[PDB]
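Worksheet for the structure shown next.
Structure, rendered in structure tokens:
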């Protein structure tokens with residue numbers, strides 16, 4: 002049987018008909034699970050939480066717990082996870098807080114490796130990779146295709162841009178623009194994720210435009226406001242450069258330099 | 002029933018009124034648990050260990066294990082935990098060693114977040130916050146109201162002062178005086194935790210006196226002895242400054258600079 | 003010995019004397035050797051061979067597939083030797099066909115809580131990996147090495163015999179035998195004299211190693227020049243030859 006008899010399935014939980022649940026796993030009240038999702042053994046799921054289709058959740062994960070953050074006071078808040086995600090061993094994923102939008106959100110086709118932490122009110126897009134013990138403190142936005150190497154630490158409210166990359170052990174206290182590569186503690190900008198871009202099939206023209214955009218922001222002594230003005234032209238020509246420019250414009254904690 | 006039948010409760014364990022134990026948890030021999038304490042599912046408690054009242058311990062925590070530091074364990078050694086603490090997912094807390102204190106001690110109103118590690122013979126006071134994956138290597142003393150941010154690493158024997166703060170990813174190798182903020186690997190002193198003082202309702206005069214005290218110790222080229230002598234007058238006027246002065250006086254192995 | 007609340011696959015193979023705690027899973031094609039104690043809440047997946055007198059603590063996942071995207075379902079293995087202690091929440095992944103299809107651990111190793119041993123890593127004997135040490139993949143750790151808490155090791159790095167990392171080190175290049183490294187990024191500081199004394203090295207060998215460190219690190223030599231300068235001492239002291247050989251095998255540079 003797909004649902005192990007040693008699992009605890011709350012009567013309010015809603016499981017699509019071919020969901021699998023391993024032994025000694027807990028599917029709490031107000032947890033909804035979509036078709037084809039496999040829950041391993043020793044998993045704790047707490048609601049209100051919606052999990053989509055064809056996910057996989059490994060042992061010793063805690064998905065949908067309250068944040069311990071002292072600003073949370075027992076309010077009805079949610080977690081939403083999309084489709085085709087892989088959540089590895091011991092991952093912790095907390096629900097949102099009413100102070101923000103009362104929801105933690107994860108998109109599709111993400112890979113969240115062992116002992117990663119996804120703090121309250123974080124928003125992960127699609128196709129992201131969080132390597133072992135990556136920790137998102139709270140309110141962290143990770144845009145599509147971003148890769149955070151092992152033991153990357155991300156401060157509350159930070160944004161991590163699309164197709165960006167952090168080296169192992171990075172401690173990110175300011176925003177990481179789209180396509181930027183960062184390393185170290187504190188995290189330093191070291192150019193763009195050109196290898197990731199080439200692998201994903203970005204055009205040579207867009208890569209060239211992005212190389213120039215990086216110079217405008219980082220290498221010409223401009224203030225952020227002067228850089229944004231100087232980027233307007235290239236951003237109007239290349240969507241990739243608009244994604245870069247928009248990531249700089251939405252930065253609330255300054256940008257990683 | 003408050004005690005789940007799928008839990009294993011040793012016959013020598015002692016459980017007070019309103020104790021709850023979740024499924025697949027182990028309450029070992031010589032574990033005592035005080036009133037109102039909630040043990041989650043998948044928790045391992047090992048003794049001899051005394052846990053006080055109204056605590057909460059989350060899934061996948063191992064509380065009371067022997068340290069792996071010594072290859073041949075001593076017995077008996079103890080772990081004492083006070084009241085109103087919250088110990089989150091996957092936290093490890095080791096008992097003391099026969100050489101040293103023979104006890105690991107945690108006070109009241111602490112918040113120990115996911116995957117934190119409290120090594121053998123450590124002593125935590127009251128109202129502390131250890132953020133995710135904070136690791137106290139052994140024999141570490143953390144005084145009241147200290148905050149250690151995510152993935153703070155503390156070397157053996159170090160003392161963390163009252164109301165101090167470490168930034169995320171700090172690696173602390175020397176004592177942190179009361180109120181002092183430290184960052185980085187290796188950790189360096191930056192300023193004081195003025196926000197914490199204001200939260201505690203310190204007077205503007207005490208805060209001003211603490212700002213001056215930081216300069217006396219860090220910024221005027223005094224030896225520690227001289228600084229202690231220069232602080233005597235302010236320390237006699239302000240109990241808050243006495244706390245600072247005392248933390249410097251007790252630092253026999255140097256202070257974080 | 004085998005708790006009735008454990009799940010033992012019919013294709014698993016347990017020696018006599020093996021203990022398995024409640025709510026542990028011993029998966030298909032897992033073999034376990036005599037005297038090995040599996041705690042409660044342990045997940046073992048195969049094909050995996052575990053030797054004798056090991057102890058594996060709760061919440062460990064031993065023998066899972068790597069989530070690394072290059073691993074595509076292939077039959078890969080994991081081999082663990084004897085007298086190892088694997089503490090709470092340790093994750094150990096099997097190998098990938100791209101390398102040698104095997105993750106390998108030797109004997110008498112102490113792998114502390116939440117350490118991670120990535121695919122195709124090779125650990126020798128008598129090593130200590132302190133809490134949350136992470137070996138990313140294809141990492142070789144030679145005998146008696148000590149990695150302090152939260153030491154991160156990049157793919158393909160080699161960690162020399164008797165070497166020591168300080169807490170929080172991020173290691174991106176090879177660490178020569180005996181060398182002590184600290185920081186992110188990791189930097190060489192000195193030698194692990196304590197480890198030499200633990201092995202009973204003679205005062206002459208220790209003096210020769212102190213001199214060898216200066217040849218490599220403190221006389222402005224290139225690696226090639228240093229290797230040439232070490233040849234004489236290495237021929238005289240096997241302990242120095244271990245150091246020299248660790249430098250010679252470092253094709254991607256040494257930690258400085």
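Chains as they are written, first to last, in the authors' numbering: chain B, 2 to 258; chain A, 2 to 258; chain C, 3 to 258.
C-beta: ideal position from N, C-alpha, C; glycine also.
Comparing C-alpha positions only, which one of the options sits nearest to residue i?
i                      : options                       : result
residue 31 of chain A  : A/80, A/71, A/43 and A/214    : A/80
residue 253 of chain B : B/225, B/244 and B/237        : B/225
residue 247 of chain B : B/218, B/223, B/222 and B/25  : B/218
residue 213 of chain C : C/197, C/49 and C/180         : C/180
residue 138 of chain B : B/148, B/106, B/152 and B/123 : B/123
residue 42 of chain A  : A/147, A/91, A/241 and A/126  : A/91
residue 201 of chain B : B/170, B/163, B/172 and B/184 : B/163
residue 206 of chain B : B/239, B/165 and B/59         : B/239
residue 109 of chain C : C/116, C/103 and C/125        : C/125
residue 160 of chain A : A/220, A/251 and A/211        : A/251
residue 106 of chain A : A/84, A/184 and A/115         : A/84
residue 142 of chain C : C/216, C/133 and C/127        : C/127
residue 129 of chain B : B/70, B/86, B/72 and B/74     : B/86
So, are the CB atoms of residue i and residue j less than 7 angstroms apart?
i                      : j                      : result
residue 150 of chain B : residue 174 of chain B : no
residue 178 of chain C : residue 256 of chain C : yes
residue 66 of chain C  : residue 51 of chain C  : no
residue 121 of chain C : residue 68 of chain C  : yes
residue 88 of chain A  : residue 62 of chain A  : yes
residue 244 of chain B : residue 235 of chain B : no
residue 136 of chain C : residue 154 of chain C : yes
residue 78 of chain A  : residue 117 of chain A : no
residue 36 of chain C  : residue 8 of chain C   : no
residue 58 of chain B  : residue 82 of chain B  : no
residue 190 of chain B : residue 165 of chain B : no
Put residue i into one of helix, strand or coil per three-state DSSP.
i                      : result
residue 46 of chain B  : strand
residue 121 of chain B : coil
residue 102 of chain C : coil
residue 232 of chain A : helix
residue 238 of chain A : helix
residue 21 of chain B  : strand
residue 15 of chain C  : strand
residue 90 of chain B  : coil
residue 163 of chain C : coil
residue 188 of chain A : coil
residue 225 of chain B : helix
residue 143 of chain A : strand
residue 216 of chain C : helix
residue 36 of chain B  : coil
residue 209 of chain B : helix
residue 201 of chain C : coil
residue 248 of chain C : helix
With which residues is residue i paired in a DSSP beta bridge?
i                      : result
residue 176 of chain B : B/256
residue 28 of chain B  : B/10 and B/46
residue 193 of chain A : A/181
residue 79 of chain C  : C/104
residue 128 of chain B : For residue 128 of chain B, which the question treats as bridged, DSSP gives no partner whatsoever.
residue 51 of chain C  : C/33 and C/81
residue 154 of chain B : B/136 and B/172
residue 149 of chain B : B/131 and B/167
residue 58 of chain A  : A/40 and A/88
residue 2 of chain B   : Residue 2 of chain B pairs with nothing; no bridge assigned.
residue 112 of chain B : B/87 and B/130
Could you check if residue i is buried or exposed, using at least 16 other CB atoms within 10 Å of its CB as the buried criterion?
i                      : result
residue 95 of chain B  : buried
residue 99 of chain A  : exposed
residue 156 of chain C : buried
residue 144 of chain C : buried
residue 53 of chain B  : buried
residue 19 of chain A  : exposed
residue 76 of chain A  : exposed
residue 209 of chain B : exposed
residue 230 of chain A : exposed
residue 13 of chain A  : exposed
residue 26 of chain B  : buried
residue 73 of chain A  : exposed
Does the beta carbon of residue i come closer than 7 angstroms to any beta carbon on chain F?
i                     : result
residue 45 of chain B : Within the model displayed, chain F is absent; protein chains B, A and C are what it includes.
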